[PDB]
Amino acid sequence: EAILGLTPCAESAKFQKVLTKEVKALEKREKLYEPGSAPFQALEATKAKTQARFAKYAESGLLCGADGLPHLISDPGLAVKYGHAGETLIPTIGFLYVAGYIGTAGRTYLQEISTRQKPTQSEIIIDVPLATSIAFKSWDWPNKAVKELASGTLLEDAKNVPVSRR
Amino acid sequence: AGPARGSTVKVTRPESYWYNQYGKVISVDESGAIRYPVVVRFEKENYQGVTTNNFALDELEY
Amino acid sequence: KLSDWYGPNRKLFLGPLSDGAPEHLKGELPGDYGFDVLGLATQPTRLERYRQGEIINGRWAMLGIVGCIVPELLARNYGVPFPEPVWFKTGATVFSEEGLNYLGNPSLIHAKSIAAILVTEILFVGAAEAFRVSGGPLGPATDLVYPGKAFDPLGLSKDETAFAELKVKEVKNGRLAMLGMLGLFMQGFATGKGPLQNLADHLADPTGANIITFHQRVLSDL
Amino acid sequence: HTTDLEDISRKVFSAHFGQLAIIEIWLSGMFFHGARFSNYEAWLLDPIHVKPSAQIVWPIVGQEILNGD
Amino acid sequence: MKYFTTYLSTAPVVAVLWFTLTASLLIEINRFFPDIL
Amino acid sequence: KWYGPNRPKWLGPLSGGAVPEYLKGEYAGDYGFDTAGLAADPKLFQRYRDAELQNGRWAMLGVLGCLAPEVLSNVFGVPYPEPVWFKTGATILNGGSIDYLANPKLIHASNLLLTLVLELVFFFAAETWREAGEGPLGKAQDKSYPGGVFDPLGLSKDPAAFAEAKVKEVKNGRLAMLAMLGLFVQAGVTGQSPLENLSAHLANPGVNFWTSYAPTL
Amino acid sequence: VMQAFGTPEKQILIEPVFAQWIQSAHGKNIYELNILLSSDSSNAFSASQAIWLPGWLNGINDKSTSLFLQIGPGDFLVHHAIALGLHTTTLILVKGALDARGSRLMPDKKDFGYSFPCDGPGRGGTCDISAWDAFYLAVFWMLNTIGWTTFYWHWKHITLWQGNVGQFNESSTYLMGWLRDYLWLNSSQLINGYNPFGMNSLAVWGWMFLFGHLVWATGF
Ligand code: CLA
Ligand SMILES: CC1=C(C#C/C(C)=C/C=C/C(C)=C/C=C/C=C(C)/C=C/C=C(C)/C=C/[C@@]23O[C@]2(C)C[C@@H](O)CC3(C)C)C(C)(C)C[C@H](O)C1
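So, how was this worked out
Residues numbered from 1 in each chain as written, not as in the entry; some residues may be left out. Chains lettered and ligands numbered in written order. Part of a larger assembly, values for the part shown. Heavy atoms only, no water. Axes fitted to C-alpha atoms, helices over the stretch in contact; angles between N-to-C directions. Helix = DSSP H or I, 4+ residues; strand = E, 2+ residues; numbered from the N terminus. Parallel < 35°, antiparallel > 145°, perpendicular 65-115°, else oblique. Contact = heavy atoms within 4.5 Å. Nonpolar A, V, L, I, M, F, W, Y, C, P; charged D, E, K, R; others polar. Disulfide = S-S within 2.5 Å. Polar contact = N/O pair within 3.5 Å; in protein donor to acceptor, adjacent residues only side chain to side chain. Buried area = accessible area lost by both parts, 1.4 Å probe. Salt bridge = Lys/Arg side-chain N within 4 Å of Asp/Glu carboxyl O. Pairing = 2+ DSSP bridges.

Quick word on the packing of helix α7 (residues 142-151) of chain A against helix α2 (residues 112-132) of chain F
In step 1: Where α7 of chain A meets α2 of chain F, the closest approach of the two axes is 9 Å, and the angle between their N-to-C directions is 70°. By the angle between their directions, the pair α7 of chain A and α2 of chain F is classed as roughly perpendicular. Residue-level inspection shows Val146, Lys147, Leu149 and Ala150 of chain A of α7 of chain A in contact with α2 of chain F, the latter providing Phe124, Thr128, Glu131 and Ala132 of chain F.
In step 2: Class assignment of the residues belonging to the contact of α7 of chain A with α2 of chain F gives a composition of five nonpolar, one polar and two charged.

Following this line, the structure appears as structure tokens:
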């Protein structure tokens, strides 16, 4: 469905122009080699991939501009109403899960070693068992996050936080 | 009163690196002429690279 | 001596590189190479339950792998008339017309109803498992994994040291068999052929039939 | 580290051997890339027209375009 | 080997190893499932 | 049904060695079942207890909500567009609306993302109050068993009846969880409604089984 | 890297839908969004005593005027660059003003004043610790940020006025486009202002162009 003045890539002539332009370049390169030789095969693999890629973009409801290149929709309302949520909105959730995981693993390891005798030695020599255990137990990180938040164990109190003369 | 040797204090001197942080008491001087009798040791070194400092009683929370 | 497999001088999984073992794996268990990278056995209750678990899954795997191999072995290298000799296809053969006939021979069992097989399995194996845990007709449940009265007729577990070496031999044969089984599952998914067909294709063209070739084929079908 | 000039000399001499080892790996690499991923035997027939090449790129993420003619 | 694993546990070795695996994984995904936009 | 040291257990009469030590019959639904040792840590056991009750109560409302609009369409003539549970949802897609009791003057909802966002926001509030154990609706008596506004009939006032009813709740919860897992797998395998699945096994006890779908794998 | 590998279809080209919505509300009908002044049936449009509206709508839907230029992915990227510059300039200046009286590295900064060199190599070293130094640092960021805004304004107009708005739409999504189709291309006449053949009236701007290069470099 054409929105925001954009055409769907599946029914855009400029899209086809682009595909033609890439495939023609590859043909020109192929002229130099012999139809059985291994460079030839490489250029054929390249061309195959190329045509496949354009076909994929065509059956994905991507939206082309005047340049004939696909454009992404980032307002979540527009994305969900017109079937474009896979462009930005799903990746959002995907990034925020993995970033929360990495944070949780890092915070966890740091809070664990902080109770050791020399905690700074465990920062330059990683406790690898401890780190692997933390990395694999941290797949359900919102458990820990919402617990820490609602309980109050997420934030240090202001009285315990070093601060300047203000 | 003084803190006990080995006790934990919180610095309340605003110009100090260790403000709002906790240190161990190592020594208290008992003379009244001394202006900063309590010696405190901290885990985190300051920008100078030292880890100890003298304090008065009115700059500690014990 | 039982020292290459027990105590602080045991052989560990990283070989020469090994500079010690985790603390929860003390070397008081058979097959302790100090391998607990994900630290699943850091609690002692879990380490007990997973010890039993490992041995039971192992034993069942050893019976499984043998059961999964041999009716293919007869049907190929001996010529026993099995309808569907491949283990993952067997089981639909109770919904055939000739049924489940032991060794091909149509008078040997001739099962047709899955309801009877299921109900007898639930009863029989339900009993046998509940006895295993709580104790039953064949003795008390003093040891949960090594009973040894009725279940050691040849008196093999009497010589202490030999018992402690055989213990390690059990676990290690059990581990091999669990990897073998896992291999049967994945090769089943990958190839859609039977295990000994796979072994035949490997033996025909070793380079051009393996898991690398398989991944290539996947990649060629995009 | 030390004040002893003997200990320093020893470290220097031994570090020098390590530098020669890394140089030798680097040369061996150049000869290997020349034997296995080059057009040296083609270039030897036609030095004027064939352009020397001894680094191939793997096809991934579109980088194969760097494998020129 | 008696302290070799502790050397492998140090930060730049663990970093090189972790990035190499993480990179390798992303390369292999981008071999199998290319051109995700 | 009970507590204590001589309660019903999960292997029945043959449940001598089948009980771990940490399950001492203090909490509802202790049949001494924990073969993977998950509850050996007692903080983890408190967590899991809350989780088992959250999954259960949600599973109960779920199974009632997956069946009710199908029943209303079947029994009464309520004209739901796609009344099956795994087909509801798609009604709000395209240009279609969601009308409660198939009446287009009732909710008439057409904006999927506005629906979802309202749900997450409402839940972010209510779940944060749940986890804290204090909120607008009051302070909880127990994390899993809040009481107050949540118990308007005062059925938790009697101690023994409360102790029984905890065992009723956890057992209905477990059943409902197995029901819901049933619904999911049935839809995944048979591709038909769960009332059609029941009708098919009521009409014919025989072949109409999981062992009509098993041969195809 | 997508342009370099010959695959422009794999660029990330986010539409600026929130700015296109605002433009739609003002009366531009190129985005087919039909709201407020771009809907005929709205209260805002049909406000009886509006009367500025016919003039306004004529203006806003005329390509020649710069009254709400059309925008796309190239516009999205540069607006985020400008945002980066505004925030980063603000951060340097706000830190300057809020750490003016003191910090942890120097708790008595107010006693030295606005401008002083440093507090010596002690405490790890203290170059550029005064509030004046924050200002000095912020001026580079401010020149960079107005640089980015004027380069965008210029290239966007130069392409609109020549007619080839495609040039800006295509090239502005990657940095070699700015370098090649803006800086490199539009410097051709300037650097020919005086040549071995002769000189034209662009010779003063030619010379002032190299003079600027020299004065900038002398500052380093
Ligand atoms: C446990 C690791 C960890 C966690 C949870 C955080 C969390 C945060 N950082 Mg910090 N930071 C970290 C490490 C961490 N950081 C490190 C290692 C550096 C040095 C490069 C920084 C440098 C830094 C700066 C300069 C800023 C932040 C800021 C922030 C805050 C906002 C989010 C952000 O800006 O991300 C950005 C994160 C980075 C730029 C650093 C990348 C962190 C890596 C990818 C993850 C940790 C790596 C670690 C080695 C993992 C080992 C774990 C293993 C042994 C189990 C947030 C509180 C910002 C802030 O103050 O917000 C108000 C801010 O300006 N961080
Ligand atoms: C205890 C124990 C063990 C165990 C265990 C077991 C058996 C665990 C099993 C857990 C299980 C099986 C838990 C399912 C929950 C399902 C829920 C929450 C359903 C909600 C459903 C809801 C809220 C929503 C329904 C709908 O949205 C749907 C779907 C579609 C819509 O149209 C309609 C509505 C909105 C109504 C081990 C591991 C075996 C050993 C260990 O040692 C001890």
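Continuing now.
Side note on the state of the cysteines
In step 1: Overall, the coordinates contain one disulfide over all chains when judged by the stated rule.
In step 2: A sulfur-sulfur separation of 2.1 Å characterises the disulfide bridge that pairs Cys9 of chain A with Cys64 of chain A. Disulfide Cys9 of chain A-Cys64 of chain A: the torsion about the S-S bond is 105°, which places it as right-handed. Remark: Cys64 of chain A occurs in strand β2 (residues 63-64) and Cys9 of chain A occurs in the loop between β1 (7-8) and α1 (13-31); sequence separation between them is 55 residues.
In step 3: Just so you know, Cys127 of chain G is unpaired, no disulfide at all, and the nearest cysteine sulfur is the one on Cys118 of chain G, 6.1 Å from it.

Brief notes about the arrangement of the chains
In step 1: The protein chains that touch form 12 pairs of chains, and the pair with the most contacts between them is chains A and G.
In step 2: Spatially, chain B is disjoint from chain D: no contact exists, and the shortest C-alpha separation is 22 Å.
In step 3: Regarding chain B and chain F, which are not in contact, the minimum distance between any of their C-alpha atoms is 28 Å.

Overview of the side chain of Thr108 of chain A
In step 1: Looking at the element boundaries, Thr108 of chain A is found in helix α4 (residues 89-113).
In step 2: A polar contact is formed between the side chain of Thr108 of chain A and the backbone oxygen of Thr104 of chain A, at a distance of 2.8 Å.

What about the interface of chain F and chain A?
In step 1: Tallying the contact residues gives seven residues for chain F and nine residues for chain A.
In step 2: Buried area between chain F and chain A, summed over both chains or domains, comes out near 670 Å², and the portion from carbon and sulfur atoms is 67%.
In step 3: Together, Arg47, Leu113 and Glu131 of chain F form the three largest contributors to the area buried by chain F at its contact with chain A, with a combined 63%.
In step 4: At the surface where chain F touches chain A, the tally comes to one salt bridge.
In step 5: For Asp140 of chain A, the salt bridge goes to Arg47 of chain F, with nearest N and O atoms at 3.2 Å.
In step 6: If you look at where chain F meets chain A, you find one residue pair in polar contact.
In step 7: Element by element, the count of residues in the side of chain F that touches chain A is highest for α2 of chain F, at six residues.

Thoughts on the pairing of strand β1 (residues 8-11) of chain B
Residues and elements named next belong to chain B.
In step 1: In this sheet, strand β2 (residues 22-28) lies alongside β1 in antiparallel orientation, the contact comprising three bridges. By the bridge assignment for β2, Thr8 is matched with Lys24.
In step 2: Here β1 pairs with strand β5 (residues 60-61) via two bridges, running antiparallel. Of the residues in β5, the one forming a bridge with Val11 is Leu60.

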